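> Questions regarding the structure given below will be posed in turn.
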Amino acid sequence: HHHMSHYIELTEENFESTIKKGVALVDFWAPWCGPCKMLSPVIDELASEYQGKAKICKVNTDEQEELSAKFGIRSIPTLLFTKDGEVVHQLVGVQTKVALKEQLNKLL
């Protein structure tokens, strides 16, 4: 029984085409980051709850240095909200599920 991934792993190759259309939430994280691991289950739940309605994505900053530099990530967790390929909000820290849902719904 492996771990299940409801989220979309983003990379330099697939980033632009993945968020080109629709509403996306992008979680910049790293496997050594305590607050990132605290935020991870909320991203799993949102990815499942918003399946087919919004793109819930993750960027591993250890593996995607060019993407994190592209958005000026200096701290993680960083949560990025995009609509139709354009950045709308960029939040830092262990955001609450409620606040993330509301921001998603507003964009939807």
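> Dipole size in debye (nearest 20) for the chain around its Cα centre, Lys and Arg Cβ +1, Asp and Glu Cβ -1?
Roughly 460 debye, rounded to the nearest 20.
> If you filter region 1-104 for trypsin sites (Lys or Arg not before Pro), then keep DSSP loop positions with at most 15 other Cβ within 10 Å, what is left?
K20, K21, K53, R74
> Continuing with this model, one more query. Using 12 Å as the cut-off for backbone N distance, which residues of region 38-76 belong to the label zone defined by a point 7 Å from the Cα of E12 along Cα→Cβ?
Correct set: 63-70.
> If you don't mind, there's one more thing I want to ask. Convert each backbone phi in region 67-72 into a coupling constant with the Karplus relation 6.51 cos²θ - 1.76 cosθ + 1.60 (shift: θ = phi - 60°), then list the ³J(HN,Hα) values in order as whole Hz, x for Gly and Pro.
For region 67-72, the Karplus curve yields 5, 4, 4, 4, 10, x Hz.
> Can you find, among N105, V94, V59, the residue farthest towards the positive end of the dipole of the chain? Put +1 on the C-beta of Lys and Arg, -1 on that of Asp and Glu.
Farthest along the dipole direction, towards plus: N105.
> Then there is this: Helix-only mean residue ellipticity at 222 nm, the chain, DSSP H runs n ≥ 4 weighted -39,500 (n - 2.57), per residue, nearest 500. What is it?
-10000 deg cm²/dmol
> Could you tell me which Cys residues in the chain have no other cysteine's Cβ under 4.7 Å from their own Cβ, answering none if every one has a partner?
By the Cβ distance rule, which asks for a partner under 4.7 Å, the isolated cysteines are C57.
> So, one more: Between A99 and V87, what length in nm is gained on full extension when 0.36 nm per residue of separation is reduced by their alpha carbon distance?
2.6 nm
> Whole-Hz ³J(HN,Hα) for each residue in region 98-108, computed from phi via Karplus 6.51 cos²θ - 1.76 cosθ + 1.60 with θ = phi - 60°, x for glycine and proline: what do you get?
4, 5, 5, 4, 4, 5, 5, 4, 4, 6, 8
> Follow-up. Name the long-range amide H neighbours of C57: under 5 Å, sequence gap of 5 or more, or other chain; modelled H, no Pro or chain starts.
Amide H neighbours of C57, under 5 Å, 5+ apart: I8, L25, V26, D27.
Since every read-out is calculated from the coordinates, none of them should be taken as a lab result. Because the Cβ atoms are built from the backbone with ideal geometry, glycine has one as well, and the counts that use them run over all protein chains shown.
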